[PDB]
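Enquirer: Generate coordinates for the sequence data below:
(chains A, B, C, D, E and F)
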Amino acid sequence: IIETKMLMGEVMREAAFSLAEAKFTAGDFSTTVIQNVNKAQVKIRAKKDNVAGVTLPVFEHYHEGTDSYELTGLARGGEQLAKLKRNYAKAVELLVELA
Amino acid sequence: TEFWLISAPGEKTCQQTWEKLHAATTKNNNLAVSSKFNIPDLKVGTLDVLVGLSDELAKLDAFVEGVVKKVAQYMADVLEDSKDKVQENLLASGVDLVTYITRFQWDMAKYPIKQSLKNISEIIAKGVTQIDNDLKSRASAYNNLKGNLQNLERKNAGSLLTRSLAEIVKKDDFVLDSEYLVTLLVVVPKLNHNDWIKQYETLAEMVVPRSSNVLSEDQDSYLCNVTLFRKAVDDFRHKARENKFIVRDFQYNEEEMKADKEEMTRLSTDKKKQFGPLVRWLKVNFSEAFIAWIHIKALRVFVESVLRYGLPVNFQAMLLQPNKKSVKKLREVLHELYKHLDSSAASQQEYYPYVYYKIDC
Amino acid sequence: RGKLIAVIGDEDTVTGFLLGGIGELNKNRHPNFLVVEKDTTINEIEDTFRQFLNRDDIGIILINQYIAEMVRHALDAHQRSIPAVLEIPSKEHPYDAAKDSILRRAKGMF
Amino acid sequence: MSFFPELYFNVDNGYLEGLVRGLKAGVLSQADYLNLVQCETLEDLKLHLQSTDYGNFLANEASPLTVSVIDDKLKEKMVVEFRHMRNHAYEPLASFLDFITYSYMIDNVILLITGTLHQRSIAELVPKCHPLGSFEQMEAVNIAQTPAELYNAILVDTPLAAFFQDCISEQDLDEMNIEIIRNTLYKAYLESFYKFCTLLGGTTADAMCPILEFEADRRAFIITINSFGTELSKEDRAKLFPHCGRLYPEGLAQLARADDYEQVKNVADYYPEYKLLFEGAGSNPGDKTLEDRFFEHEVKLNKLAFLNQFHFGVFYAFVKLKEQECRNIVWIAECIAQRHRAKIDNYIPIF
Amino acid sequence: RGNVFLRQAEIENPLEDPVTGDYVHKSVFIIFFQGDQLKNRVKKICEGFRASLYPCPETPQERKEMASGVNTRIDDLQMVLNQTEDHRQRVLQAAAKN
Amino acid sequence: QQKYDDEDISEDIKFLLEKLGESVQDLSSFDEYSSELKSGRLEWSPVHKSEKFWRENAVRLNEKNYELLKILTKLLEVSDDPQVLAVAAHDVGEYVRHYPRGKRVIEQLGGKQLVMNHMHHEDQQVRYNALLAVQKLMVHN
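Expert: Numbering: from 1, shown residues only, chains lettered A, B, ... in the order given. For reference, the structure is listed below:
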């Protein structure tokens, strides 16, 4: 499990670098992301796991499919924000597995 | 290249020769190139399922059209002896493309008519899909090879500040077995090369005097170095950065530079050796693919003809190559020559009184 | 569809995680996340953490090393499975393997 | 006037032209970057930053080493200088700087929207706004969380009302989403500013009209790329395509149908100075993307305008050049803080 | 691509459209086809433009006589509707007086 | 809506309000309802407007082979007292308001014509009640 978590560290090193790139190219969109929060895009389907005679809770990533907020006004920052979205889309699933 | 195919009910047995060179139903007064299509005979099979069969067949036909145009586009992106602009004369299975559409050969061995026509269509889909998957793998692998070459050249691209000094300097240019010293390679431009060779004494202390020996001189900045105490590297750098003395700590390695260059040469030779056969495989894949495509286009034309004309399999078709800028006159004349076939219901838009699909580049 | 991941982190982490997709407004229309800064008192953080844990429709919780360290006793006061709490590295607080509740339950294995 | 400045222009503009020319020495060159990069620590980065015109700009603040405070102080220095020179302006330059302030007051007003959606007071959002839209006007506080109050509010004394009266209303703010409103207002201001510059002919128009045409063109191109894959409708893309570019005489209609980015390259092959940029758009690990190339060409046009001196671009190219410089500074500091030297130099240099 | 005979008839005195109010002349030009795919896409198309697909006439005459009986009921149904208009008419002036 | 300073007013009002509500709760029972429907004497019980009854416990009016519906149809056939007839018509209307199975049953029975005859009753209020009942028999008919 330590190696899974070190891999998570590597993944979020990549994520932080891409976040710095997003800050660089478009300047300032963080407040617009925090401001508009109405419904989620990935939820969890509660489940249980019969590894042995006893049962142990587990969880499943579920793509609810909500549309992502479009970033086209602030220097037309769509490509870089899409890259960051993909990076954190991977991170979400991997951390659900670790969870 | 643009090419036309028209089918007709075939009410008379004279239409066997009219498919070739009728005068009254000629195109452009016996000037357009017309040859009867190599028409096969297939089973009926179904009619209630046939409409959706032809619709999904048209969807798959657009799909394989995209596939073959993608193959041609990739083979043009090879950019050596095959391009959309030059050396574009790629033969249809060793015979000229026009020459094979004018001499299309139909075979039963590959695709028995006794089977369902859906069976044949899905076998064509399976074959083209395996070809496409192998093409995606080939694109990834071989373009990764070309990108490896390009990035190794990116490592060979740039002035000496970013380009290694494998074949420019020697192992002995710095102090091997240094006591407490470091031959910091402070590359100085030519506007200031004459200055460090005297200022080196004062720019730092606890250093090696008479360390004015230059290594090499380059267009952007002259290679040079200076020996000094390990803690004094900081002090000399901080004092020297203000007098236009760029600092660039270079490390010499015979083994690793030699290995990288040998890898480059290996990649180049192996790339030619993989590039020849790459063109061969692309050629054969494109080859089998368009022959399957002309076959499936003929199949869809057959299905539409059987849908339209009648219970007998008596129908008669032919290729057609109008002379340029007279095909509107043919539009009118063939409208006249095919409206009496229907003589009732069929505005026209796309539901012509004749059967037709367009083949092009 | 049942449970939704939660996020207590600084501006960088929360923006990154909200771009990952997670975050919904509940019956009270409170956010799924909280903003932590240098200008954020301990009591607010602790009360919000307990608030989230009481909203049983969350299930998963994401907290870095530092926020959890500030309320350490309130973190290790929790020993349950379904309302999982996660300890993640951070650019500002890279992980220390010596600090985890789950590996504290596993302490002695090495 | 009659094509004759320099008996009119210098009398009314040299007072600020000389001062801004003096302040221009604070923009760093590649020579300074040849020694900023050779630091390997944030303390030496601060030393090299404070050896320049930013003398002790972080003094008595932010004892621990970080990057955000650097950007905040840089922006503070920017806004105070911009207001300082705006404070001595003369009528034509006053209209120019008013438009340059509309550029950020559009951002501030769109930020004010959804404050009604979320039932928020203005005072909490004041520090969240960028200060350039301080709005020392009547009613600038306490919009009562109602869209009608926000609309009448902006109409009271906000100077951008003169252009919001013709393109948006309260009803329009509640139909489409916020991003579309942002795009619409920015496009309206851009075309209005293009017309304003066109009317005021001279060296100023001669240097700026290429710049704003380029802005319109890059906006159209990058939208068309980022709008192929979205829920938007091409009617809205036509609404939001700027209509003052080099492509306005021909090419904008092609972009309304250019879905694939390769088709955007084909439509940029209808203006060549953009074709060279799309050729520079590699989207590969080791080079820059198309948007970065457009920012590079923006900096190039800024330099070309800086070749001249008798223009109001001493207060338009000036501010955006310092924006570029501070963006480079922040990128370098951020990658230094993270210990990532792969893209230490992934920025647009200035001169 | 359908090739079956045409059951032709015409409607005179075109009672207004049920949901709008258009007294526009109507007619039926009906054809039957065997393909199930046709029964999907043709009917999708007619719903796209306009159509009334609810009933399904059947040559077995039991449905015909049942429909005639329902038609006989329609008249009494209409008389109850008339009594409803009568009630909501006579309840009006009684209130409007005061 | 009236407010006073004497808290005893409010306490007594709340006590009486709650107790009257529970009095209607206990008085409202399908058991005594069906008992009085079988007794032959009917009145305007408050359970008529209790939408909870007609929403949930209305299937209890279907006794063995719709026995209660049958004997209420017979009561509508025979009895001529306007009050009980209107009560039965209103109850049957509210029954068919929730059941299409009951709707097709009463269509089969011909009780629709019986309510039509009640729409011509000598008393006009009962005529209107029968009109309402038929309107409850009008759903997609």
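Enquirer: in what helix or strand does residue F:8 lie?
Expert: According to DSSP states H and E, residue F:8 maps onto helix F:7-27.
Enquirer: same check, this time on residue B:150
Expert: Going by DSSP H and E, residue B:150 is in helix B:117-155.
Enquirer: Surely residue B:6 forms part of a strand?
Expert: Yes - the assignment for residue B:6 by DSSP: H, G, I helix; E, B strand; the rest coil puts it in a strand.
Enquirer: quick revisit: can you name the element that comes right after the helix holding residue B:150?
Expert: Past helix B:117-155, the next helix or strand by DSSP H and E is strand B:181-184.
Enquirer: re earlier: and the helix holding residue B:150, what's buried?
Expert: Residues B:117, B:120, B:121, B:124, B:125, B:128, B:131, B:132, B:135, B:142, B:145, B:152 are the ones in helix B:117-155 that count as buried (16 or more other C-beta atoms under 10 Å in any protein chain shown). C-beta: built from backbone N, CA, C; applies to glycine.
Enquirer: Go through these and name the one nearest chain D.
Expert: Taking C-beta to the nearest C-beta as the measure, chain D sits nearest to residue B:152 out of these, at 12.0 Å.
Enquirer: Distance check, that closest one against residue B:145.
Expert: As judged by C-beta to C-beta, to the nearest Å, residue B:152 and residue B:145 stand 11 Å apart.
Enquirer: Same question for residue E:80.
Expert: 86 Å.
Enquirer: Report the distance from the helix holding residue F:8 to the chain centre.
Expert: With C-alpha atoms, centre = their mean, to the nearest Å as the basis, helix F:7-27 stands 25 Å off its chain's centre.
Enquirer: so who does residue B:228 touch?
Expert: B:181, B:182, B:184, B:204, B:206, B:207, B:208, B:211, B:236 (C-beta atoms under 8 Å, 6 or more residues apart in numbering or on different chains).
Enquirer: The residue nearest to residue C:32 when sequence neighbours are not counted: how many residues sit nearby?
Expert: For residue C:32, ignoring the flanking residues on the chain, the nearest one in space by C-beta to C-beta, 6 or more residues apart in numbering or on different chains is residue C:23 at 4.3 Å. When neighbours are defined as other C-beta atoms under 10 Å in any protein chain shown, residue C:23 has 25 of them.
Enquirer: Wait, residue C:23 touches residue C:31, no?
Expert: Yes - contact between residue C:23 and residue C:31 holds when scored by C-beta atoms under 8 Å: they sit 6.9 Å apart.
Enquirer: which neighbours do those two share?
Expert: With C-beta under 8 Å, 6+ apart, residue C:23 and residue C:31 have common neighbours residue A:37.
Enquirer: Spit out the residues that contact residue B:152 and residue B:145 alike.
Expert: With C-beta under 8 Å, 6+ apart as the test, residue B:152 and residue B:145 both reach residue B:267.
Enquirer: in chain F, what residue is nearest chain B?
Expert: Counting by C-beta to the nearest C-beta, chain F gets nearest chain B through residue F:140, at 34.8 Å.
Enquirer: quick one, what contacts whatever residue of chain A ends up closest to chain D?
Expert: At 3.2 Å from chain D, residue A:78 is the closest residue in chain A, using C-beta to the nearest C-beta. Taking C-beta under 8 Å, 6+ apart as the criterion, residue A:78 is in contact with A:70, A:71, A:72, D:222, D:225, D:226.
Enquirer: Those also near chain E: which ones?
Expert: Among the contacts of residue A:78, not one lies near chain E by C-beta under 8 Å from any C-beta of the partner chain.
Enquirer: could you dump those to JSON lines with neighbour count, distance to residue C:37 and secondary structure?
Expert: Below are these laid out as JSON lines (neighbours: other C-beta atoms under 10 Å in any protein chain shown; distance: C-beta to C-beta, whole Å; DSSP: H, G, I helix; E, B strand; the rest coil):
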{"residue": "A:70", "neighbour count": "18", "distance to residue C:37": "28", "secondary structure": "coil"}
{"residue": "A:71", "neighbour count": "24", "distance to residue C:37": "24", "secondary structure": "coil"}
{"residue": "A:72", "neighbour count": "22", "distance to residue C:37": "29", "secondary structure": "coil"}
{"residue": "D:222", "neighbour count": "20", "distance to residue C:37": "33", "secondary structure": "helix"}
{"residue": "D:225", "neighbour count": "23", "distance to residue C:37": "36", "secondary structure": "helix"}
{"residue": "D:226", "neighbour count": "21", "distance to residue C:37": "32", "secondary structure": "helix"}
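Enquirer: will you turn those into JSON lines that also has distance to residue D:324?
Expert: Formatted as JSON lines, the contacts of residue A:78 follow (distance: C-beta to C-beta, whole Å):
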{"residue": "A:70", "distance to residue D:324": "26"}
{"residue": "A:71", "distance to residue D:324": "21"}
{"residue": "A:72", "distance to residue D:324": "22"}
{"residue": "D:222", "distance to residue D:324": "18"}
{"residue": "D:225", "distance to residue D:324": "22"}
{"residue": "D:226", "distance to residue D:324": "22"}
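Enquirer: and of these, the nearest to chain F?
Expert: Distances from chain F to those, taken by C-beta to the nearest C-beta, are shortest for residue A:70, at 45.9 Å.
Enquirer: Setting aside sequence neighbours, what's the nearest residue to residue A:38?
Expert: residue C:25 (5.8 Å).
Enquirer: now do residue D:27
Expert: Nearest to residue D:27 is residue D:325, by C-beta to C-beta, 6+ apart, at 5.0 Å.
Enquirer: now what about the longest helix seen in chain C, what contacts it?
Expert: As assigned by DSSP state H, the longest helix anywhere in chain C is helix C:42-54. Helix C:42-54 is contacted by residues C:6, C:8, C:30, C:34, C:36, C:58, C:61, C:63, C:67, C:70-71, C:74, C:78, C:83 when judged by C-beta under 8 Å, 6+ apart.
Enquirer: next one: stretch B:109-116
Expert: Against stretch B:109-116 from outside (C-beta under 8 Å, 6+ apart): B:40, B:41, B:42, B:43, B:45, B:120, B:123, B:124, B:295.
Enquirer: Quote the end-to-end distance of it.
Expert: End-to-end distance for stretch B:109-116, by C-alpha to C-alpha, to the nearest Å: 14 Å.
Enquirer: Point me to the residue of chain E nearest chain A.
Expert: residue E:44 (26.3 Å).
Enquirer: Could you say which helix or strand holds that residue?
Expert: Using DSSP H and E, residue E:44 falls in helix E:36-49.
Enquirer: repeat for residue D:22
Expert: Residue D:22 belongs to helix D:9-23, assigned by DSSP H and E.
Enquirer: do the helix or strand just after that helix and chain B meet at all?
Expert: Scanning forward in sequence from helix D:9-23 by DSSP H and E, the next helix or strand is helix D:30-36. Yes - part of helix D:30-36 sits close enough to chain B to count as contact by C-beta under 8 Å from any C-beta, namely D:34, D:35.
Enquirer: in whichever helix or strand comes after helix D:30-36, what counts as buried?
Expert: Next helix or strand after helix D:30-36 toward the C-terminus (DSSP H and E): helix D:42-50. Neighbour-count burial for helix D:42-50, counted by 16+ other C-beta under 10 Å, picks out D:42, D:44, D:45, D:46, D:48, D:49.
Enquirer: same thing with stretch D:159-176?
Expert: Buried, per 16+ other C-beta under 10 Å, within stretch D:159-176: D:160, D:163, D:164, D:167, D:168, D:173.
Enquirer: so how far is residue C:17 from the residue nearest to the spatial centre of chain A?
Expert: Ranked by distance to the mean C-alpha position of chain A (C-alpha atoms, centre = their mean), the top residue is residue A:88 at 3.1 Å. Per C-beta to C-beta, residue A:88 is found 7 Å from residue C:17.
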